[PDB]
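Letter by letter, the chains look like this.
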Amino acid sequence: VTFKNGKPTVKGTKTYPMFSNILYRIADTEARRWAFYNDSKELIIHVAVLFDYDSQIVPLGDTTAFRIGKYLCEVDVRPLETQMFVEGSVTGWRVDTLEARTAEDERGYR
């Protein structure tokens, strides 16, 4: 709905908030595509989603996908970034992992 710190690089048709309103799923029904937008200035978010066997999707972008049957797709989303996630026909799905950490290296820079 309302973004505090930036905007996604794409407008789908619907936006769904997800991780205490830091992570948004942007769904585009015409393009049959999902993306994630991270409205934090300070967090890197790792998201993995498990899709049921009858989904017909491909991963987009930097998303990694594995057959697990189910399909596991996962991506990291840096502060104020939009990541393309999957495209195609989604059936059952569920969040498998949703984790965030400060966007800094091990010595504390970033």
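Criteria and thresholds
- Residues numbered from 1 in each chain as written, not as in the entry; some residues may be left out.
- Heavy atoms only, no water.
- Core = buried A, V, L, I, M, F, W, Y, C linked by side-chain atoms within 4.5 Å.
- Buried < 20%, exposed > 50% of the residue type's maximum accessible area, 1.4 Å probe, protein only.
- Helix = DSSP H or I, 4+ residues; strand = E, 2+ residues; numbered from the N terminus.
- Contact = heavy atoms within 4.5 Å.
- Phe/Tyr/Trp six-rings, centres within 6.5 Å; stacked < 30°, edge-to-face > 60°.
- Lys NZ or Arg CZ within 6 Å of the ring centre and 35° of its normal.

Looking at the entry header, you'll see X-ray crystallography listed as the method and 1.86 Å as the resolution.

What the PDB entry is called, per its title line, is "Leishmania major hypothetical protein".

Participant: Go over the nonpolar core with me, naming the residues and quoting the values.
Facilitator: Among the nonpolar cores identified, the biggest contains 14 residues, and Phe 36, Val 47, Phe 51, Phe 85 and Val 86 are the most heavily contacted of them. Among the elements that line this core, the one with the most residues is strand β4 (residues 43–52), at 4 residues.

Participant: An account of the environment of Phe 66 is needed here, citing residue identities and associated values.
Facilitator: Residue placement: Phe 66 occurs in strand β6 (residues 64–67). Accessibility expressed as a relative area gives 42% for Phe 66, which makes it partly exposed. Those residues in contact with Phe 66 that lie beyond four places of it in its chain are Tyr 71, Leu 72 and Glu 74.

Participant: Give me the lowdown on the packing of aromatic side chains, citing residues and values where you can.
Facilitator: In the structure shown here, the tally under the stated rule is 8 aromatic pairs. Relative to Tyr 24, the ring of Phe 3 has its centre 5.0 Å away and its plane inclined at 90°; by these criteria the two rings are edge-to-face. Separated by 21 residues along the polypeptide, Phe 3 in the segment before β1 (14–17) and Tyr 24 in strand β2 (residues 23–28) bring together distant segments of the chain. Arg 25 extends its terminal NZ or CZ atom over the ring of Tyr 16, reaching a point 4.1 Å from the ring centre. Lying across the ring of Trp 34, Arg 25 places its NZ or CZ 4.7 Å from the centre.

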